[PDB]
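Heads up, upload.tsv below (TSV, C-alpha atoms):
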chain	number	residue	atom	x	y	z
U	106	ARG	CA	14.26	20.97	5.13
U	107	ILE	CA	13.38	22.64	1.79
U	108	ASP	CA	10.92	19.79	1.13
U	109	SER	CA	9.15	20.43	4.45
U	110	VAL	CA	9.02	24.16	3.73
U	111	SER	CA	7.45	23.71	0.26
U	112	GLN	CA	4.45	21.84	1.69
U	113	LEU	CA	3.77	24.58	4.24
U	114	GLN	CA	4.05	27.41	1.68
U	115	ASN	CA	1.31	26.08	-0.57
U	116	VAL	CA	-0.92	25.25	2.43
U	117	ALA	CA	-0.83	28.74	3.91
U	118	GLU	CA	-2.60	30.42	0.98
U	119	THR	CA	-4.98	27.65	-0.05
U	120	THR	CA	-6.30	26.85	3.44
U	121	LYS	CA	-7.67	30.37	3.68
U	122	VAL	CA	-9.93	29.52	0.70
U	123	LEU	CA	-11.41	26.48	2.48
U	124	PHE	CA	-11.78	28.45	5.70
U	125	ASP	CA	-14.13	30.94	4.05
U	126	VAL	CA	-15.88	28.29	1.93
U	127	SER	CA	-16.74	26.17	4.94
U	128	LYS	CA	-18.51	29.00	6.75
U	129	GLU	CA	-20.23	30.01	3.50
U	130	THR	CA	-21.74	26.53	3.24
U	131	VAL	CA	-22.93	26.72	6.89
U	132	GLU	CA	-24.74	29.98	6.08
U	133	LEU	CA	-26.73	28.21	3.34
U	134	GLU	CA	-28.03	25.69	5.90
U	135	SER	CA	-29.37	28.53	8.06
U	136	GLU	CA	-31.51	29.60	5.08
U	137	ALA	CA	-32.57	25.98	4.62
U	138	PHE	CA	-34.37	26.17	7.96
U	139	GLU	CA	-36.75	28.80	6.57
U	140	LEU	CA	-37.45	26.41	3.71
U	141	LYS	CA	-38.00	23.51	6.12
U	142	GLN	CA	-40.77	25.38	7.88
U	143	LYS	CA	-42.42	26.20	4.53
U	144	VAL	CA	-42.23	22.52	3.50
U	145	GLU	CA	-43.64	21.51	6.89
U	146	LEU	CA	-46.68	23.76	6.72
U	147	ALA	CA	-47.54	22.52	3.23
U	148	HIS	CA	-47.29	18.87	4.31
U	149	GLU	CA	-49.50	19.53	7.34
U	150	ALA	CA	-52.10	21.40	5.30
U	151	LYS	CA	-52.27	18.66	2.70
U	152	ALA	CA	-52.70	16.04	5.42
U	153	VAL	CA	-55.57	17.74	7.26
U	154	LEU	CA	-57.25	18.34	3.91
U	155	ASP	CA	-56.77	14.69	2.97
U	156	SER	CA	-58.59	13.63	6.12
U	157	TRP	CA	-61.44	15.95	5.22
P	3	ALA	CA	-24.17	25.56	-7.13
P	4	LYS	CA	-23.61	24.05	-3.68
P	5	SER	CA	-21.39	21.64	-5.58
P	6	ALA	CA	-18.87	24.43	-6.35
P	7	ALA	CA	-18.23	24.94	-2.63
P	8	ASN	CA	-18.09	21.20	-2.15
P	9	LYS	CA	-15.78	20.56	-5.14
P	10	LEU	CA	-13.30	22.95	-3.58
P	11	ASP	CA	-13.99	21.29	-0.19
P	12	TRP	CA	-13.18	17.71	-1.24
P	13	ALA	CA	-10.17	18.81	-3.29
P	14	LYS	CA	-9.14	20.42	-0.05
P	15	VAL	CA	-10.05	17.24	1.95
P	16	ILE	CA	-7.56	15.16	-0.04
P	17	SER	CA	-5.14	18.08	0.40
P	18	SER	CA	-5.95	18.09	4.12
P	19	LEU	CA	-4.54	14.56	4.15
P	20	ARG	CA	-1.22	16.33	3.49
P	21	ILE	CA	-1.52	18.27	6.76
P	22	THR	CA	-1.44	16.22	9.97
P	23	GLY	CA	-2.58	19.21	12.03
P	24	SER	CA	-6.21	18.20	11.50
P	25	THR	CA	-7.90	16.58	14.46
P	26	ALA	CA	-11.56	17.52	14.22
P	27	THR	CA	-11.11	19.96	11.31
P	28	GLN	CA	-12.01	17.21	8.84
P	29	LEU	CA	-14.99	16.42	11.08
P	30	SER	CA	-16.13	20.05	10.79
P	31	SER	CA	-15.95	19.84	6.99
P	32	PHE	CA	-17.74	16.48	7.16
P	33	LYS	CA	-20.50	18.09	9.24
P	34	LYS	CA	-20.96	21.00	6.83
P	35	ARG	CA	-21.20	18.40	4.07
P	36	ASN	CA	-23.85	16.44	6.02
P	37	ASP	CA	-26.25	19.30	6.58
P	38	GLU	CA	-25.51	20.65	3.06
P	39	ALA	CA	-26.57	17.28	1.69
P	40	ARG	CA	-29.64	17.45	3.95
P	41	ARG	CA	-30.79	20.83	2.69
P	42	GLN	CA	-30.57	19.82	-0.96
P	43	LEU	CA	-32.72	16.74	-0.41
P	44	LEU	CA	-35.04	18.90	1.73
P	45	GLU	CA	-35.31	21.35	-1.12
P	46	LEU	CA	-35.86	18.58	-3.66
P	47	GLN	CA	-38.52	16.95	-1.45
P	48	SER	CA	-40.47	20.21	-1.15
P	49	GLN	CA	-44.24	20.18	-1.50
P	50	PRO	CA	-45.94	23.09	-3.32
P	51	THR	CA	-46.54	25.60	-0.52
P	52	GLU	CA	-50.34	25.66	-0.62
P	53	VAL	CA	-53.04	23.14	-1.37
P	54	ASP	CA	-54.53	23.34	-4.85
P	55	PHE	CA	-57.71	25.35	-4.61
P	56	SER	CA	-58.38	24.29	-8.19
P	57	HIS	CA	-58.36	20.52	-7.87
P	58	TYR	CA	-58.07	19.75	-4.24
P	59	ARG	CA	-60.80	22.15	-3.15
P	60	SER	CA	-63.28	21.07	-5.80
P	61	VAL	CA	-62.92	17.48	-4.62
P	62	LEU	CA	-64.30	18.30	-1.17
P	63	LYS	CA	-68.06	18.63	-0.81
P	64	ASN	CA	-67.79	19.73	2.84
P	65	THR	CA	-65.92	22.86	1.75
P	66	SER	CA	-65.96	25.52	4.42
P	67	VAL	CA	-62.61	24.53	5.83
P	68	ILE	CA	-60.62	24.68	2.62
P	69	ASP	CA	-61.08	28.43	2.63
P	70	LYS	CA	-60.02	28.35	6.29
P	71	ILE	CA	-56.79	26.46	5.80
P	72	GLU	CA	-56.08	28.13	2.43
P	73	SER	CA	-56.21	31.53	4.03
P	74	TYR	CA	-54.40	30.28	7.15
P	75	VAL	CA	-51.52	28.92	5.11
P	76	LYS	CA	-51.36	32.02	2.95
P	77	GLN	CA	-51.57	34.21	6.06
P	78	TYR	CA	-48.74	32.47	7.89
P	79	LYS	CA	-46.87	31.98	4.61
P	80	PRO	CA	-43.70	33.29	6.30
P	81	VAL	CA	-43.36	30.21	8.56
P	82	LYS	CA	-39.90	31.21	9.75
P	83	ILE	CA	-38.00	34.49	9.55
P	84	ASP	CA	-34.47	34.81	8.15
P	85	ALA	CA	-31.25	34.19	10.04
P	86	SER	CA	-27.97	35.74	9.04
P	87	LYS	CA	-25.72	35.15	12.02
P	88	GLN	CA	-22.65	34.50	9.88
P	89	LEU	CA	-21.56	38.10	9.63
P	90	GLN	CA	-20.34	38.58	13.19
P	91	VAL	CA	-18.67	35.25	13.73
P	92	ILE	CA	-17.34	34.81	10.20
P	93	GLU	CA	-15.45	38.10	10.24
P	94	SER	CA	-13.90	37.37	13.65
P	95	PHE	CA	-12.88	33.90	12.57
P	96	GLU	CA	-11.58	35.24	9.30
P	97	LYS	CA	-9.37	37.76	11.11
P	98	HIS	CA	-7.60	35.18	13.30
P	99	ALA	CA	-7.38	32.76	10.40
P	100	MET	CA	-6.03	35.39	8.00
P	101	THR	CA	-3.45	36.58	10.52
P	102	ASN	CA	-2.21	33.07	11.23
P	103	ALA	CA	-2.27	32.14	7.53
P	104	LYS	CA	-0.22	35.19	6.51
P	105	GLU	CA	2.22	34.62	9.38
P	106	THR	CA	2.81	31.06	8.21
P	107	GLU	CA	3.06	32.16	4.57
P	108	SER	CA	5.62	34.90	5.12
P	109	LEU	CA	7.59	32.78	7.56
P	110	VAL	CA	8.00	29.79	5.27
P	111	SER	CA	8.61	31.97	2.18
P	112	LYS	CA	11.48	33.63	4.07
P	113	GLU	CA	12.80	30.24	5.19
P	114	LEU	CA	12.73	28.85	1.63
P	115	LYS	CA	14.99	31.61	0.35
P	116	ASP	CA	17.17	31.31	3.48
P	117	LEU	CA	17.69	27.62	2.72
P	118	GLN	CA	18.26	28.42	-0.96
P	119	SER	CA	20.92	30.97	0.00
P	120	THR	CA	22.48	28.50	2.46
P	121	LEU	CA	22.52	25.82	-0.22
P	122	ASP	CA	24.31	28.28	-2.47
P	123	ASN	CA	26.74	29.10	0.37
P	124	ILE	CA	27.72	25.44	0.77
P	125	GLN	CA	28.33	25.16	-2.97
P	126	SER	CA	30.27	28.38	-3.44
P	127	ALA	CA	32.26	28.44	-0.23
P	128	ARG	CA	33.63	25.45	1.59
P	129	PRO	CA	37.29	24.93	2.53
P	130	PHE	CA	37.57	21.20	2.84
P	131	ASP	CA	40.77	20.36	1.02
P	132	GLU	CA	42.82	22.72	3.17
P	133	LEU	CA	40.47	23.57	6.04
P	134	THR	CA	42.26	24.98	9.07
P	135	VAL	CA	41.08	24.37	12.63
P	136	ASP	CA	41.72	28.08	13.07
P	137	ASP	CA	38.96	28.69	10.55
P	138	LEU	CA	36.62	26.41	12.53
P	139	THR	CA	37.60	28.07	15.80
P	140	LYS	CA	36.72	31.31	14.07
P	141	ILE	CA	33.40	29.96	12.77
P	142	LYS	CA	32.51	28.45	16.14
P	143	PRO	CA	34.17	29.20	19.50
P	144	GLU	CA	32.57	25.82	20.34
P	145	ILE	CA	35.83	24.26	19.12
P	146	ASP	CA	37.97	25.94	21.81
P	147	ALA	CA	35.18	25.58	24.37
P	148	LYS	CA	35.07	21.83	23.98
P	149	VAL	CA	38.86	21.45	23.84
P	150	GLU	CA	39.21	23.46	27.05
P	151	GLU	CA	36.32	21.61	28.68
P	152	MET	CA	37.99	18.30	27.85
P	153	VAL	CA	41.32	19.40	29.33
P	154	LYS	CA	39.47	20.66	32.40
P	155	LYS	CA	37.51	17.41	32.59
P	156	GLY	CA	40.73	15.41	32.29
P	157	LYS	CA	39.56	13.15	29.51
P	158	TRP	CA	41.88	13.11	26.56
P	159	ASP	CA	39.76	10.64	24.62
P	160	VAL	CA	36.97	12.59	22.99
P	161	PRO	CA	34.09	10.07	22.60
P	162	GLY	CA	32.64	9.53	19.14
P	163	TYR	CA	35.94	10.36	17.43
P	164	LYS	CA	36.81	6.73	16.87
P	165	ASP	CA	33.22	5.85	16.01
P	166	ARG	CA	33.32	7.70	12.71
P	167	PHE	CA	37.02	8.08	12.22
P	168	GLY	CA	39.51	5.28	12.76
P	169	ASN	CA	42.16	4.94	15.44
P	170	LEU	CA	45.09	2.63	15.63
P	171	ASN	CA	47.03	1.08	18.41
P	172	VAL	CA	49.68	-1.58	18.94
P	173	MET	CA	47.80	-3.03	21.92
N	426	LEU	CA	-19.71	-8.23	-4.93
N	427	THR	CA	-22.28	-10.55	-3.40
N	428	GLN	CA	-22.75	-8.21	-0.48
N	429	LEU	CA	-22.98	-5.28	-2.90
N	430	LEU	CA	-25.86	-6.71	-4.91
N	431	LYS	CA	-28.35	-6.73	-2.00
N	432	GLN	CA	-31.19	-4.20	-2.39
N	433	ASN	CA	-33.39	-3.00	0.48
N	434	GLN	CA	-36.91	-4.36	0.10
N	435	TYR	CA	-39.69	-2.32	-1.48
N	436	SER	CA	-37.47	0.44	-2.85
N	437	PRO	CA	-36.35	0.54	-6.51
N	438	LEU	CA	-33.11	2.16	-7.63
N	439	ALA	CA	-32.73	4.31	-10.75
N	440	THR	CA	-30.71	2.96	-13.69
N	441	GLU	CA	-28.50	6.05	-13.66
N	442	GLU	CA	-27.29	4.93	-10.25
N	443	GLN	CA	-27.13	1.27	-11.13
N	444	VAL	CA	-24.33	1.96	-13.61
N	445	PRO	CA	-22.14	3.83	-11.08
N	446	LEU	CA	-22.59	1.41	-8.19
N	447	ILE	CA	-21.77	-1.65	-10.25
N	448	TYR	CA	-18.82	0.17	-11.81
N	449	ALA	CA	-17.09	0.40	-8.46
N	450	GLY	CA	-17.31	-3.31	-7.73
N	451	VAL	CA	-16.29	-4.22	-11.25
N	452	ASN	CA	-13.22	-2.00	-11.19
N	453	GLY	CA	-12.35	-3.53	-7.82
N	454	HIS	CA	-12.37	-0.23	-5.94
N	455	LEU	CA	-14.60	-1.67	-3.25
N	456	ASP	CA	-12.53	-4.85	-2.91
N	457	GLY	CA	-10.54	-3.12	-0.18
N	458	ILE	CA	-13.63	-2.02	1.74
N	459	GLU	CA	-14.49	-4.48	4.53
N	460	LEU	CA	-17.76	-6.41	4.30
N	461	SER	CA	-19.55	-4.67	7.15
N	462	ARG	CA	-18.92	-1.28	5.59
N	463	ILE	CA	-20.06	-2.34	2.06
N	464	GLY	CA	-23.61	-1.27	2.80
N	465	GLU	CA	-22.57	2.08	4.23
N	466	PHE	CA	-20.33	2.62	1.23
N	467	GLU	CA	-23.19	2.06	-1.17
N	468	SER	CA	-25.35	4.89	0.17
N	469	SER	CA	-22.32	7.10	0.63
N	470	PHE	CA	-21.22	6.55	-2.96
N	471	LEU	CA	-24.63	7.66	-4.15
N	472	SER	CA	-24.59	10.83	-2.06
N	473	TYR	CA	-20.97	11.45	-3.06
N	474	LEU	CA	-21.91	11.08	-6.72
N	475	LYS	CA	-24.80	13.46	-6.27
N	476	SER	CA	-22.70	16.13	-4.61
N	477	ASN	CA	-19.37	15.81	-6.43
N	478	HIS	CA	-20.57	15.20	-9.91
N	479	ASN	CA	-24.25	15.11	-10.60
N	480	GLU	CA	-22.98	16.27	-13.97
N	481	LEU	CA	-21.45	12.81	-14.28
N	482	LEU	CA	-24.70	11.17	-13.20
N	483	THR	CA	-26.78	13.23	-15.61
N	484	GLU	CA	-24.43	12.41	-18.46
N	485	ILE	CA	-24.67	8.72	-17.59
N	486	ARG	CA	-28.46	8.89	-17.51
N	487	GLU	CA	-29.07	10.78	-20.69
N	488	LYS	CA	-26.31	9.62	-22.98
N	489	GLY	CA	-27.17	6.10	-21.91
N	490	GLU	CA	-23.97	4.76	-23.40
N	491	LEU	CA	-20.63	4.98	-21.69
N	492	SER	CA	-17.99	6.56	-23.85
N	493	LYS	CA	-14.33	6.18	-22.91
N	494	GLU	CA	-14.28	9.77	-21.73
N	495	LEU	CA	-17.25	9.11	-19.47
N	496	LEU	CA	-15.61	5.96	-18.13
N	497	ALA	CA	-12.51	8.06	-17.56
N	498	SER	CA	-14.40	10.56	-15.44
N	499	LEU	CA	-16.03	7.71	-13.60
N	500	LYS	CA	-12.70	6.08	-12.77
N	501	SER	CA	-11.54	9.32	-11.20
N	502	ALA	CA	-14.76	9.76	-9.29
N	503	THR	CA	-14.56	6.27	-7.84
N	504	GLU	CA	-10.92	6.84	-6.91
N	505	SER	CA	-11.86	10.03	-5.07
N	506	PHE	CA	-14.79	8.36	-3.34
N	507	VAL	CA	-12.79	5.32	-2.22
N	508	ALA	CA	-10.05	7.54	-0.88
N	509	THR	CA	-12.53	9.20	1.47
Give the structure from the file, written as structure tokens.
Amino acid sequence: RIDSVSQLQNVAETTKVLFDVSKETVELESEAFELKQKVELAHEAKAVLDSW
Amino acid sequence: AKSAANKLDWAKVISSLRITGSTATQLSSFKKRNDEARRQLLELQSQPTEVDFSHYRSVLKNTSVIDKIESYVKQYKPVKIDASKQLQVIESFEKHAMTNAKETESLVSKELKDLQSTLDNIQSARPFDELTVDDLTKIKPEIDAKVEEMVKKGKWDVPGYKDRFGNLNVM
Amino acid sequence: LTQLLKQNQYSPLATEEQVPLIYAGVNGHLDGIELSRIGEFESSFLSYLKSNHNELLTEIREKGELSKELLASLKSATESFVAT
């Protein structure tokens, strides 16, 4: 029973770290969307200009 | 960088192996990894925001459209506005998670010391060379309850007794 | 190994990623991986290397010689990758 208990003890603290970290990462991808639109506009502009 | 978050993530993934509670939790981490890996290659792919008005305008000899698209790009240079939506959901999630985490932590910490104490109790107290059934009747009224229930039932062979203790007979 | 050494047409692959990919097959880490998944593994290993330790990759590229310490780090990295 002590063996079972020891696993759970360590988990309880450390999991909270991952919990935060995971959402933090997701936030970064939101910001990446703003980038994506910047990238997009540049690509489009270069293409129209290339045709000219 | 992003790799710090992810180094803790994958260390935690191979720790998450050691929790069988996961179902789609590992799939959520996998998903955050996917799009995280997408944004870094997006960011590495990135074109310079505007066309070169130095080189790439002086190439064109039809130029009256390079000023148009130069100014149009630099006008609409914000191409998307910011999103911070993780400040309402992350705190809510963090509250339930924190509560549950702390509950688990305190519960198992208590249990560890309870088991430690119980382990000590078996070592430091155990009559077993002179144990009296009176002491067991005192430690559990289950003893008398079962004896009485057996007399009431009218079975004077208690099953299991001879399956881990002997018995003898002449017949 | 034979499955591993295929390369998609008209795309080259940097030397700094040749040394890791080949390392896995050589050390037999990918022996366990089934043939159909070898291809998927290859691309995954590269992304995994880029995320987990692009320090390792950069060291491999620039030092250009694999010291025992670098091979040590690599063994670990492959172990981690294969496990996932």
Expressed in Å, the length from atom CA of residue P:32 to atom CA of residue P:93 is 22.0 Å
Sort by chain and increasing residue number a table of all residues of chain P within 9 Å of chain N, each with its closest pair of atoms and their distance in Å to one decimal, counting all atoms listed in the file, and write it as a tab-separated table.
residue	atom	partner	partner_atom	distance
P:4	CA	N:476	CA	8.0
P:5	CA	N:476	CA	5.7
P:6	CA	N:477	CA	8.6
P:8	CA	N:477	CA	7.0
P:9	CA	N:477	CA	6.1
P:12	CA	N:477	CA	8.3
P:15	CA	N:509	CA	8.4
P:16	CA	N:509	CA	7.9
P:39	CA	N:476	CA	7.5
Compute the chain U side of the contact with chain P at 6 Å, counting all atoms listed in the file, and hand it back as a list in words.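 So the residues of chain U near chain P are residues 110, 114, 117, 137, 139, 142, 143, 144 and 147 of chain U.
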Need the shell around stretch 463-468 of chain N: protein/DNA/RNA residues with any atom at most 12 Å away, counting only C-alpha atoms. Skip same-chain ones fewer than 5 positions apart. Format as number ranges by chain? N: 426-433, 438, 442-443, 445-450, 454-458, 473-475, 503, 506-509
Gap from atom CA of residue U:107 to atom CA of residue P:143 - Å, one decimal: 28.1 Å
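In this structure, atom CA of residue P:36 sits 17.6 Å away from atom CA of residue U:125.
In this comparison, which uses all atoms listed in the file, the residue of P:145, P:46, P:3, P:61 approaching residue U:155 most closely is P:61.
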Please return the centre and edge lengths, in Å to one decimal, of a box with edges along x, y and z that contains all listed atoms of stretch 30-38 of chain P, widened by 6 Å on every side, as lines of an AutoDock Vina configuration file.
center_x = -21.1
center_y = 18.7
center_z = 6.9
size_x = 22.3
size_y = 16.6
size_z = 19.7
